[PDB]
């Protein structure tokens, strides 16, 4: 099969797809759609929304996958990254839901004028961002291993890395000297996944 990740934002909703495929050792192809190319490409994408995954098999047959986080869930489930037990599966979804709430606050500042972006960034950083970070910090403490859920890589580990990079995009010093469990999670995940470390370092 040939997996093509059709996206637009360099670090948007498609990062959970790539990080899941990178950690699973599955190859893929990046196809970034430009702002000027989107009007003519959108009718070709089922649903008309990005990101989307296009899978082509050895015979040229095409099947389309939508809803970035649903794609990452399916790829992580097939490669044992959604919890081995039902209780671990809940803990994976518990941190994912908390990360989604933090991604929801970060999304409020995207694609706004410079004056409006700084205002909304100023509100969430003094509002729900530190509150949600404490909830995420408590979920990491309740884990049975060095990672978010258990001791091996799950989807909750990868969506957490993406949302923390989004938080640092709003303020590079928001986590400096704070949230030690979040900093130790990145160190433990980077050591537990050498392929994830190479992707993150080469992306920088």
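Positions refer to the first chain, counted from 1.
Higher average CA B factor: 59 to 67, of the stretches 59 to 67 and 136 to 144.
Higher mean CA temperature factor between 161 to 169 and 23 to 31: 23 to 31, per the PDB entry. Within the selection 44, 176, 154, 36, the deposited Cα B-factor values reach their highest point at 176.
Among the modelled residues of its chain, residue 91 has a C-alpha B-factor that falls in the lowest third, as given in the PDB entry. In this PDB entry, residue 129 carries a Cα temperature factor that places it within the highest third of its chain's modelled residues.
The entry lists a Cα temperature factor for residue 83 that places it in the middle third of the chain's modelled residues.
Remark: residue 101 belongs to the lowest third of its chain, ranked by C-alpha B-factor as recorded.
Annotation for residue 191: CA B-factor lies in the highest third of the chain's modelled residues.
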